[PDB]
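J.:
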Amino acid sequence: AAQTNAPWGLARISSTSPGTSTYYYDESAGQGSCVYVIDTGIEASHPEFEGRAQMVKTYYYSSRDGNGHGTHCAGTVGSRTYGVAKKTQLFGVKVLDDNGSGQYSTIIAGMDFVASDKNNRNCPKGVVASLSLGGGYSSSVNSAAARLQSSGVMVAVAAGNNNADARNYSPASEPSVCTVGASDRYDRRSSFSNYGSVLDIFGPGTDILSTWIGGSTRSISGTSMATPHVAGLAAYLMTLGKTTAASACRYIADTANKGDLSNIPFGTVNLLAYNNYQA
Ligand SMILES: [Ca+2]
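Per full-length UniProt numbering, the very first residue in the sequence shown carries number 106; after that it's consecutive.
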């Protein structure tokens, strides 16, 4: 399958070089997998989700995404136009309020919820979780992300937008999950993107067009935008039977575009998420 005039991030995921405009992907498109988007919620009614999205848990007064961030990330995971895995099932877990902030105990609770809630969903190809959030280092937040990964969920987390080493940020610094940095359309590390040895992979994170609340769309930047690319890719690769949840992190790093990124500090991996599609 080929999506012409796709967002640059999708085209980047399916190409060894930057500057392309077509997203090439296998028609399976992550069908049979599921991705928990743990953020501000998902506007499941957005036509781009085609009814494949739904809220499963909120830790606030409404399950409604009043911010737009969670809808944007869910769109990059699996919306029709802006999604990596265009047939994956999206589950929204609203651990962040409509101002985009959420207490650590709430984020931990949402991760524990996903670890249990997946046991009553039909996700034969596997389960992914996209955590486009984070703050300062927390051993308990890291432990919660590790538990979610240990429970059999491919956990992708944002490295953070501090232009610092991700070692001081959670859940970015938890080793067992896949920590995602951000790159721009010219194969540079995004100016804001965190780095460090804890990073596993880079994804398109600068000027990412995706869904927004109110049935609209908008382009925003952040490692929070790179994370759903990697999670959508994991759901895409798991549906293809190429990897499992416990190994998708290394498989994606195994098959990434190597050395293509600039301004990667020494000690940070130079790997760009890549689906290695050929047809
Ligand atoms: Ca890791």
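Just so it is clear, CB atoms sit at the ideal spot from N, CA and C, and this is done for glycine as well.
So, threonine 360 versus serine 133, is the Cβ gap smaller than 8 Å?
T.: Mapped onto the sequence shown, residue 360 falls at position 255. Mapped onto the sequence shown, residue 133 falls at position 28. Result no, Cβ atoms of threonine 360 and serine 133 do not sit closer than 8 Å.
J.: Around ligand 1, what residues have a beta-carbon under 7 Å from a heavy atom of it, in chain order?
T.: Result: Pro280, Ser281, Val282, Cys283, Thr284, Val303, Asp305 and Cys354.
J.: As an exercise, report each continuous beta strand (DSSP E) stretch of at least 3 residues that is fully enclosed by the region 114–200, in chain order.
T.: 138–144, 158–163 and 194–199
J.: Which residue spans inside the region 198–272 form an unbroken alpha helix (DSSP H) run of at least 4?
T.: 209–222 and 244–255
J.: Do you know offhand how far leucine 366's Cα is from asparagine 204's?
T.: Sequence index remark: in the sequence shown, residue 366 carries index 261 (1-based). Sequence index remark: in the sequence shown, residue 204 carries index 99 (1-based). Using only the alpha carbons, I get a separation of about 32 Å.
J.: What's the C-alpha gap between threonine 373 and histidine 334?
T.: Against the sequence shown, residue 373 aligns to sequence position 268. Against the sequence shown, residue 334 aligns to sequence position 229. In this structure, the alpha-carbon of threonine 373 lies about 19 Å from that of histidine 334.
J.: Over the uninterrupted alpha helix (DSSP H) stretch that includes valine 335, give me the two end residues.
T.: Here the question's residue 335 lines up with position 230 in the sequence shown. Segment 328–344, the alpha helix (DSSP H) holding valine 335.
J.: In whole angstroms, give me the CA-to-CA distance for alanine 269 and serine 295.
T.: The sequence position of residue 269 within the sequence shown is 164, counting from 1. The sequence position of residue 295 within the sequence shown is 190, counting from 1. So the two alpha carbons sit approximately 12 Å from each other.
J.: With 16 other CB atoms within 10 Å as the buried threshold, where does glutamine 108 fall?
T.: As a first step, residue 108 must be located in the sequence shown, where it is residue number 3. Classification for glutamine 108: buried.
J.: Along the chain, where does the beta strand (DSSP E) that runs through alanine 287 open and close?
T.: Looking up residue 287 in the sequence shown gives position 182. Residues 283–288.
J.: Between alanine 350 and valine 258, which are expected to be in contact by the criterion C-beta below 8 Å, what is the C-beta distance as a whole number of angstroms?
T.: Along the sequence shown, read from residue 1 onward, the residue named residue 350 stands at position 245. Along the sequence shown, read from residue 1 onward, the residue named residue 258 stands at position 153. Confirmed, about 6 Å.
J.: Which residues bound the alpha helix (DSSP H) around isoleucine 357?
T.: Numbered from 1 along the sequence shown, position 252 holds the residue referred to as residue 357. That run of the alpha helix (DSSP H) goes 353–359.
J.: Return helix, strand or coil for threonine 316, following the three-state DSSP convention.
T.: Reading the sequence shown from its first residue, position 211 is the one you call residue 316. Strand.
J.: Which of helix, strand or coil does DSSP assign to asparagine 381?
T.: In the sequence shown, residue 381 corresponds to position 276, counting from 1. Here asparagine 381 sits in coil by DSSP.
J.: Just verifying my parser: in three-state terms, what is the DSSP assignment at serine 298?
T.: Indexing the sequence shown from 1 puts residue 298 at position 193. The answer is coil: DSSP assigns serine 298 none of H, G, I, E or B.
J.: Tell me whether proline 276 sits in a helix, a strand or coil according to DSSP, three-state version.
T.: Against the sequence shown, residue 276 aligns to sequence position 171. In the structure shown, the three-state DSSP call for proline 276 is coil.
J.: How about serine 235 and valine 303: are their beta carbons less than 8 Å apart?
T.: As a first step, residue 235 must be located in the sequence shown, where it is residue number 130. As a first step, residue 303 must be located in the sequence shown, where it is residue number 198. No, the Cβ-Cβ distance between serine 235 and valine 303 is not below 8 Å.
J.: Go ahead and label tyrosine 291 buried or exposed: buried means 16 or more other beta carbons lie within 10 angstroms of its beta carbon, across all protein chains shown.
T.: To locate residue 291, count along the sequence shown from 1; it is residue 186. Answer is exposed; the Cβ neighbour count stays below 16.
J.: Can you tell me which of the three DSSP states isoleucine 306 falls into?
T.: Along the sequence shown, one-based indexing puts residue 306 at 201. The answer is strand: DSSP assigns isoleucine 306 an E or B state.
J.: Does the separation of the CB atoms of residue 389 and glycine 135 fall below 8 Å?
T.: Because residue 389 is not part of the residues shown, which for the chain are 106 to 384, the question remains open.
J.: Select from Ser138, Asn375, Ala106 and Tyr130 the residue whose C-alpha is nearest the C-alpha of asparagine 227.
T.: Mapped onto the sequence shown, residue 227 falls at position 122. Nearest option by C-alpha distance: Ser138.
J.: Quick check on DSSP: helix, strand or coil for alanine 111?
T.: For the purposes of this step, residue 111 is identified with residue 6 of the sequence shown, where counting begins at 1. Coil, per DSSP.
J.: Have a look at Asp305, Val219, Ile306 and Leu377 and flag the residue whose alpha-carbon is nearest the alpha-carbon of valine 200.
T.: Start at 1 with the first residue of the sequence shown, and residue 200 comes out as number 95. With distances taken between Cα atoms, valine 200 lies closest to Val219.
J.: When you compare only the Cα positions, how much space is there between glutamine 254 and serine 281?
T.: Sequence index remark: in the sequence shown, residue 254 carries index 149 (1-based). Sequence index remark: in the sequence shown, residue 281 carries index 176 (1-based). Each residue's CA atom was taken as its position, placing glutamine 254 and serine 281 some 7 Å apart.
J.: Secondary structure at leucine 366, three-state DSSP: helix, strand or coil?
T.: In the sequence shown, counting from the first residue as 1, residue 366 sits at position 261. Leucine 366 falls in the coil class under three-state DSSP.
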